[PDB]
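In what follows, a structure is listed as structure tokens, so that the remarks can point back to it.
There are 4 protein chains.
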Amino acid sequence: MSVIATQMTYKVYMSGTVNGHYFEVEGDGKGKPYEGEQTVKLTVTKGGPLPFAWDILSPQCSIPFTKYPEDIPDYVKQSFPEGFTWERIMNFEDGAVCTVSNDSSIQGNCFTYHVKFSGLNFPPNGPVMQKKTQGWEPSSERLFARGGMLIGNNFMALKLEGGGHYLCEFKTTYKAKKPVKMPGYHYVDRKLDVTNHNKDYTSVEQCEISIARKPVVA
Amino acid sequence: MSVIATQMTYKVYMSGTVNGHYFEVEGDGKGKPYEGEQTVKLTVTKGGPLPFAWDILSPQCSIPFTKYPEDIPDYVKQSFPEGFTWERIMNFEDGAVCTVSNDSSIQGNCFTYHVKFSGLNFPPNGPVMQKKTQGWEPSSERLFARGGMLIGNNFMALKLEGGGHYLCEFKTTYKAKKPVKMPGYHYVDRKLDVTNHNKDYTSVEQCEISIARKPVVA
Amino acid sequence: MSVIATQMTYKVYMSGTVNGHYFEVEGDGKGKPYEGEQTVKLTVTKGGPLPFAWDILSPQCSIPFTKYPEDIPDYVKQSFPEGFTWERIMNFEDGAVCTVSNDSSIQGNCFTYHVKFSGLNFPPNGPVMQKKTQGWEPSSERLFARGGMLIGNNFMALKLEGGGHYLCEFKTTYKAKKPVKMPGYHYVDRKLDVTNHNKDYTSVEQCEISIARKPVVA
Amino acid sequence: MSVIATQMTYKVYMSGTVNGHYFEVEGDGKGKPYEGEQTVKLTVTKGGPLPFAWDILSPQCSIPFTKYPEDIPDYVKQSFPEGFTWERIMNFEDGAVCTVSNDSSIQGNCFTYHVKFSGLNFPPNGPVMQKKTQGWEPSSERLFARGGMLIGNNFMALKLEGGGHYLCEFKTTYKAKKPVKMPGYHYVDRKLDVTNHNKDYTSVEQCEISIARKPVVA
Numbered sequence: 005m006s007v008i009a010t011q012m013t014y015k016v017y018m019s020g021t022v023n024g025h026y027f028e029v030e031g032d033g034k035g036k037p038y039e040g041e042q043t044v045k046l047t048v049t050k051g052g053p054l055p056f057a058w059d060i061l062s063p064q065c069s070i071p072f073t074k075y076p077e078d079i080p081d082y083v084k085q086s087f088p089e090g091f092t093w094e095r096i097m098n099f100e101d102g103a104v105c106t107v108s109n110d111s112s113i114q115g116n117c118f119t120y121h122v123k124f125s126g127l128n129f130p131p132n133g134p135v136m137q138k139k140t141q142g143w144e145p146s147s148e149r150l151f152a153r154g155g156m157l158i159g160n161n162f163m164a165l166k167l168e169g170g171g172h173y174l175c176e177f178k179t180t181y182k183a184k185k186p187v188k189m190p191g192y193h194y195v196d197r198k199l200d201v202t203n204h205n206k207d208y209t210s211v212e213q214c215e216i217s218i219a220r221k222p223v224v225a
Numbered sequence: 005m006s007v008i009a010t011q012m013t014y015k016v017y018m019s020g021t022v023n024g025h026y027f028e029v030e031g032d033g034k035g036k037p038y039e040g041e042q043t044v045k046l047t048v049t050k051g052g053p054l055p056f057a058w059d060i061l062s063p064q065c069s070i071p072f073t074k075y076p077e078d079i080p081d082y083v084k085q086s087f088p089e090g091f092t093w094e095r096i097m098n099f100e101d102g103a104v105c106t107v108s109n110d111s112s113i114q115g116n117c118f119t120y121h122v123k124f125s126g127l128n129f130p131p132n133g134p135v136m137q138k139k140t141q142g143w144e145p146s147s148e149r150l151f152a153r154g155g156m157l158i159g160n161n162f163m164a165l166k167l168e169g170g171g172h173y174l175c176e177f178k179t180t181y182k183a184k185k186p187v188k189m190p191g192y193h194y195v196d197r198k199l200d201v202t203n204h205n206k207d208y209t210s211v212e213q214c215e216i217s218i219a220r221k222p223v224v225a
Numbered sequence: 005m006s007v008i009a010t011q012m013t014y015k016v017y018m019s020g021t022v023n024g025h026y027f028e029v030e031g032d033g034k035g036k037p038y039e040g041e042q043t044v045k046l047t048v049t050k051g052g053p054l055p056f057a058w059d060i061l062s063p064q065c069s070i071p072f073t074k075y076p077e078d079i080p081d082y083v084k085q086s087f088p089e090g091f092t093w094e095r096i097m098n099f100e101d102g103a104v105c106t107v108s109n110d111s112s113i114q115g116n117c118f119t120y121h122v123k124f125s126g127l128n129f130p131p132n133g134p135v136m137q138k139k140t141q142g143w144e145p146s147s148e149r150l151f152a153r154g155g156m157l158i159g160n161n162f163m164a165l166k167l168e169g170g171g172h173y174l175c176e177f178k179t180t181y182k183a184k185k186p187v188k189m190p191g192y193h194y195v196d197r198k199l200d201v202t203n204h205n206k207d208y209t210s211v212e213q214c215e216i217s218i219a220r221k222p223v224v225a
Numbered sequence: 005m006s007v008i009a010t011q012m013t014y015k016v017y018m019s020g021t022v023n024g025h026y027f028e029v030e031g032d033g034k035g036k037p038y039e040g041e042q043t044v045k046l047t048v049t050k051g052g053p054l055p056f057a058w059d060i061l062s063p064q065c069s070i071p072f073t074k075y076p077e078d079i080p081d082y083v084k085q086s087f088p089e090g091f092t093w094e095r096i097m098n099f100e101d102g103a104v105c106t107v108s109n110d111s112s113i114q115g116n117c118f119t120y121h122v123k124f125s126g127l128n129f130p131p132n133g134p135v136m137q138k139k140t141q142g143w144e145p146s147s148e149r150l151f152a153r154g155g156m157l158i159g160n161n162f163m164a165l166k167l168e169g170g171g172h173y174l175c176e177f178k179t180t181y182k183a184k185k186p187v188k189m190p191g192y193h194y195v196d197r198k199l200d201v202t203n204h205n206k207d208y209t210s211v212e213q214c215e216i217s218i219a220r221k222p223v224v225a
């Protein structure tokens, strides 16, 4: 643990639009980056109460808090103190598309995340605008190195009220601000849960567990 | 000439991000909405000079200026004084994705466009980040009515330095802020040209002709 | 005219599967290749009556019959006597995907088309498996040259029983068996209609008009 | 199981086209379906030697041989003796698309798979047509139940000569011929290796390990 300590905090500054509805979110997080354990408390500071499912914003709120084994190079941790950015495409099965960008920096024991969110083409009577989602299923991100960048692909799914799933494909590109040692073909398994919230989701608490691994069957 | 005069002006206020790079643009436009003729002058007011091709921003700068025949209901012109919004997904062939949203309002002789642009996953050595584009080919947008909205689909192509094309698919959803009479299955043909610009594209002048038509062979 | 006469006939031999259902189709066509006019009679010779909409097969039944203006090089007509192949991807909006391959040859006054059709992921309760489709809308194919091949893109739409449309994107790649003169950026406008059929569509008659043109607004 | 023995054999009958090139393959396999272990020997019986990478055909040659834990319902094994079908879409990153349909039947101690393969838009100078691929990376299929069907999504990757990866997205739909008990959200991890072959790949031997699991981090 050189630049990154065993216990870290972070601040999230997020702004964006969903179907043209502008919002701003602030967050205070903490966790153990080498254990892949992480918690964050969010406040909708502008544009609340949000007329869409919180769930679409939950995964935009922290890659340095991923447990990497010693034999897999940790792309994101290596990028610091210079830091990194990530770019995300979200393709929902009902036609909705989101583009998300992050800048991640470090100041002592604290990370700072600046996030821009742009989501549109959510059907007015769909699960997002009608708030019929009930959290993300645990996921597994396929990761590989290309052009000095780390590229992640994930088949995500939201649980629906009354049963069934609402599918979303993630493509996330991680861009270190300096050359780092590139990892081999691997996966990061994740569990993201909303552990607390108020009645209109203007305050939300989230927990995440992220562990990197080599292929299970090899 | 209902609420829209034979000769109109407009202001464009655009902001957003391309591969994390923040920018703001202001535009001054004028044209003849019933003739489908249009011109606009853009200034990059923040984040200039832009490290990407201006061409990706040019079609974000005016649907009320489309020549519609009398026998094809004009969705966008009908929307006023209330106005409308549009939501656009741009899918480039090398993986880049943009999501664009607009709010279009009217005050007397002047339209106001508020535009939010989010673009990412442009390859660093690609035509956009290397500024190798030389304008859009004339285009043909396929339009049809669904759920009180007008949906447009367009196979766009950027001309490349040294020859060849760089392809982009446009999907634009137009949403009137009141119910209007819906058109049948039709097309809008466009020609968008940069008619003047300075060396780093921090000042740009654009021309556009837009004409609606029924299928050519029917 | 070189090897292609002003009045020509053709034979279609098509086989394939839709959701695993095997079929064979034989066709006798005739038309005026320089006028872009043609008609064809189809017989389902194996696997009939088909448990799916005929419409998905109708555009697989003749590119040499496209009216090209003198100033636009006719990629397909130039390919003969050697001939050409085409490869098509059809992406339906409800998730269905088709891949289609053709080989086109010439023998005197007759063209022979050998077609392989592969379609799957048509929802059992969707418009295709429930035969709720009512013909294709007139279309406009965007065509350009790349790598000695002609690439076509089309926003197709099927009319639905009870109103509304069922969308499909076409991507067709035309591959001449010899180097030919490559055309510029252009369009082909088409009208495809089922003009006759029996009660279970085991016999179908089709009419197609196809005319190439340069961009309307230029 | 009373229908599926702890030691099984199978036969594969595959035919299809890649970029218009017709081929036929016959295979003889054996394995332990409750252990998720299997092997198969393939012969190119028609159209050989193949002018494309064998790797695109390797995953088309056996779902009943997946190791399922007792607490996760085995969709495919339950479908027998009636059997099941599968439909697969393959989307390669360079624009190539394949559609594959299978019918799986049982006859005492032997499965029979009938497979139709349709692959096209492989670039002539690409890794597949230039035979520059070096096997699939071990994979992880995301599986969920919808409409009595099992839907699998997989981020696959072919290893490249000289290094790097060539990406392919799999979507596979498994359709039982009778209603069965539906599993929850789960994963199947796989390793597929070519273990033997002749000089022109007209004979190929393959090994596959397949193990189902609940989410690693949950």
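Chains as they are written, first to last, in the deposited numbering: chain B, 5 to 65, 69 to 225; chain D, 5 to 65, 69 to 225; chain C, 5 to 65, 69 to 225; chain A, 5 to 65, 69 to 225.
C-beta atoms are modelled at their ideal positions from N, C-alpha and C, and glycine is treated no differently.
A direct Cα-to-Cα measurement between B:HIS204 and B:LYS45 gives close to 9 Å. Excluding the 5 residues flanking it on each side, C:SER146 has same chain C-beta neighbours closer than 6 Å at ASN161, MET163 and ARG197, in chain order.
With a threshold of 8 Å between beta carbons, A:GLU168 makes no contact with chain C. Taking C-beta separations shorter than 7 Å and ignoring five residues to either side along the sequence, the partners of D:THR13 in its chain run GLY33, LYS34, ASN116 and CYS117, following chain order. No Cβ of chain D is located within less than 8 Å of the beta carbon of C:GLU41.
For C:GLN213, DSSP records a beta bridge to C:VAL44 and C:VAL201. Proximity of C:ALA164 to chain D, defined by a Cβ-Cβ separation below 8 Å, is satisfied.
Here the alpha carbons of C:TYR75 and C:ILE218 stand approximately 6 Å from one another. Straight-line measurement puts the Cα of D:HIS193 at about 6 Å from the Cα of D:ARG220. Closest in alpha carbon position to A:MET189, among A:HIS172, A:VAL201 and A:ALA152, is A:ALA152. Put simply, the backbone Cα of C:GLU89 is about 14 Å away from that of C:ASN109. Inter-segment contact for the region 170-181 of chain B and the region 119-132 of chain B is absent: fewer than three beta-carbon pairs are separated by less than 8 Å. Counting C-beta atoms within 10 angstroms of its own C-beta, B:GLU168 has fewer than 16 neighbours from the protein chains shown and is therefore classed as exposed. Bounds of the alpha helix (DSSP H) holding D:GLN85 are 82-85. The beta carbon of A:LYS138 sits closer than 6 Å to the beta carbons of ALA57 from its chain, once the five residues preceding and following it are set aside; these are given in chain order.
Closest option to A:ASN23, judged by alpha-carbon separation, among C:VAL223, C:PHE91 and C:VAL224: C:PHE91.
Put simply, the backbone Cα of A:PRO71 is about 31 Å away from that of B:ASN98. With a contact defined as Cβ atoms closer than 8 Å, A:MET136 and A:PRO63 miss out at about 18 Å. Using a CB distance cut-off of 8 Å, C:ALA219 does not count as an interface residue toward chain D. Relative to the Cα of A:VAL187, the nearest Cα in the group A:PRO37, A:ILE79 and A:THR202 belongs to A:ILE79.
Cα atoms of D:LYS178 and A:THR180: separation of roughly 28 Å, rounded to the nearest angstrom.
The beta carbon of A:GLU30 is closer than 8 Å to those of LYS15, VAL16, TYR17, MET18, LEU46, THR47 and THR49 in its chain, skipping five residues each way along the sequence.
Per DSSP, B:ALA152 is one residue of the beta strand (DSSP E) stretching across 146-153.
With its beta carbon less than 8 Å from one in chain B, D:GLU94 belongs to the interface. For A:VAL223, the closest Cβ of chain B is nearer than 8 Å. Assignment of B:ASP110 by DSSP, reduced to helix, strand and coil, places it in the strand class.
Under DSSP, D:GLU28 shares a beta bridge with D:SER19 and D:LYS50. Counting only residues of its own chain and dropping the five nearest sequence neighbours on each side, A:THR140 has a CB closer than 6 Å to the CB of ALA57, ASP59, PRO134 and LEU165. For B:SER125, the nearest beta carbon of chain D is closer than 8 Å to its own beta carbon. A straight line joining the alpha-carbon of A:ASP81 with that of A:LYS185 spans about 14 Å. Comparing alpha-carbon positions, the option among D:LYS84, D:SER111 and D:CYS65 lying closest to D:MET5 turns out to be D:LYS84. Here the alpha carbon of A:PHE124 sits roughly 10 Å from the alpha carbon of C:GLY20. Of the residues D:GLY142, D:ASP200, D:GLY52 and D:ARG95, the one whose Cα lies closest to the Cα of D:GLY159 is D:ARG95. Residue D:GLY51 holds the alpha-carbon nearest to the alpha-carbon of D:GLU28 among D:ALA9, D:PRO37, D:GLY51 and D:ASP200. Within the region 20-48 of chain D, the residues whose Cβ lies closer than 9 Å to some Cβ of chain B are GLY20, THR21, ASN23, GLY24 and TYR26, listed in chain order. For a Cβ distance threshold of 9 Å, residue set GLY24 of chain B lies close to D:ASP110, ordered along the chain.
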